[PDB]
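Residue numbers (the deposited numbering): -2 to 16, 23 to 321. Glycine included, each C-beta is placed from N, C-alpha and C at the ideal position. Inspection log for the structure reproduced underneath, given as structure tokens.
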Amino acid sequence: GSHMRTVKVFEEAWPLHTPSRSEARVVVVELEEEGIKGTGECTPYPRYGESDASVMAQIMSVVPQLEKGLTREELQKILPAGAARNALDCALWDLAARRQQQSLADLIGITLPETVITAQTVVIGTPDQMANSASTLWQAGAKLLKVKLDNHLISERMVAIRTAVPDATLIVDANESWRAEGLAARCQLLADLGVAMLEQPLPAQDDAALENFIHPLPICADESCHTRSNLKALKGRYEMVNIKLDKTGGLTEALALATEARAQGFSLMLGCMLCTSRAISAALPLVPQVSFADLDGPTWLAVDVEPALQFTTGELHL
């Protein structure tokens, strides 16, 4: 009635710098409230049963309701949390801000700093290789390093890295590759090296062992954390939750998750999937609430949208 809109849904596979496999697949949704366009992007999460086809179908399914004026509050009850709702929720926020000639940040009413520290990835390799990489990235300006680890050479790798960048803030993404057996001693080693945080060491569907020992360092939930709904399960297993719009299904849930998570004593982290600047921009409003920001997804793409956000080693310039 009072708000009629047009919806455009299209799929985009952006090439990556180096071998998603060779491309970041995203789904874009453009809304039009007469003259004003609202754009929302999302990245179907394979690990949660989504594909571009799967997510596009969910969006179409609600196109009719989007044209009669579906608000953000109404959208939360129609679609479940996931990439589809994320594109729509973000598209609606973009539209609601442009229709007031304001930046997403001002609409919400939060202040964005001029520079944001983003985690630089130190990929798996021999202790020596990981140490050299950490040193070079530290020299280039990265204050926060995200060390990727599997189940091998955990001690030497972390030792060689810390010795190389004694002043660097380090966080470890074990990415569900670690096991219950010996998990405590390992966390203890990360603590001996001043590791600020350990991320999702165990599989989301088998992380009970995290309640069997006093955590020597904060341990963050990633795959185990989607929406406020998991907060109960997480209590007693994790100190921090990694918030991602594709998992919360939009900025609206992300915001409520931040508030709700804090209230329960959880520390926050802001993550992202492989995406274009459009997705990072949509997440920025959360930056002032998180301990760590891992938003360099766009830098993994050969090219980005135009205009794009400015990224330098370890930094996001706003």
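In terms of CA proximity to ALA266, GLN292 leads the group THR251, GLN292, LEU254. Taking the Cα of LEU196 as reference, the smallest distance to any Cα among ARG182, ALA163, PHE216 is reached at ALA163. Relative to the Cα of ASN154, the nearest Cα in the group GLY144, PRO206, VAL168 belongs to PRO206. When rounded, the separation of the alpha-carbon atoms in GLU44 and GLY185 is 40 Å. Excluding residues up to 5 positions away in sequence, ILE120, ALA171, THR172, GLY317 lie with their Cβ nearer than 7 Å to the Cβ of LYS146 in the same chain. By DSSP's assignment, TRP11 forms a beta bridge with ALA27. Residue range 39 to 45 is occupied by the beta strand (DSSP E) that includes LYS40, with no alpha helix (DSSP H) assigned at that position. With contacts defined by Cβ atoms closer than 9 Å, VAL175 and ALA137 do not form a contacting pair.
Counting along the chain, the unbroken beta strand (DSSP E) around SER270 starts and ends at 270 to 273. The DSSP-derived three-state label of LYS149 is strand. Secondary structure at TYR48: coil, using DSSP grouped into helix, strand and coil.
DSSP places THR230 outside both helix and strand once states are collapsed to three, so it counts as coil. In the DSSP assignment, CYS223 falls within the beta strand (DSSP E) that extends over 222 to 224. Fully enclosed beta strand (DSSP E) runs of no fewer than 3 residues occupy 172 to 176, 200 to 202 of the region 150 to 203, in order along the chain.
Here the C-alpha atom of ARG182 lies approximately 9 Å from the C-alpha atom of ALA212.
9 Å or more divides the Cβ of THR279 from the Cβ of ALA100. Non-local C-beta neighbours of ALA177 in its own chain, meaning closer than 6 Å and more than five positions away in sequence, comprise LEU152, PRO204, ordered along the chain. The Cβ-Cβ distance between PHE269 and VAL290 does not fall below 9 Å. With respect to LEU277, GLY300 sits close: the two C-beta atoms are nearer than 9 Å. Nearest Cα to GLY41 within the set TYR48, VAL6, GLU33: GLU33. Using a 10 angstroms sphere on the CB of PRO116, the tally of other CB atoms stays under 16, which defines it as exposed.
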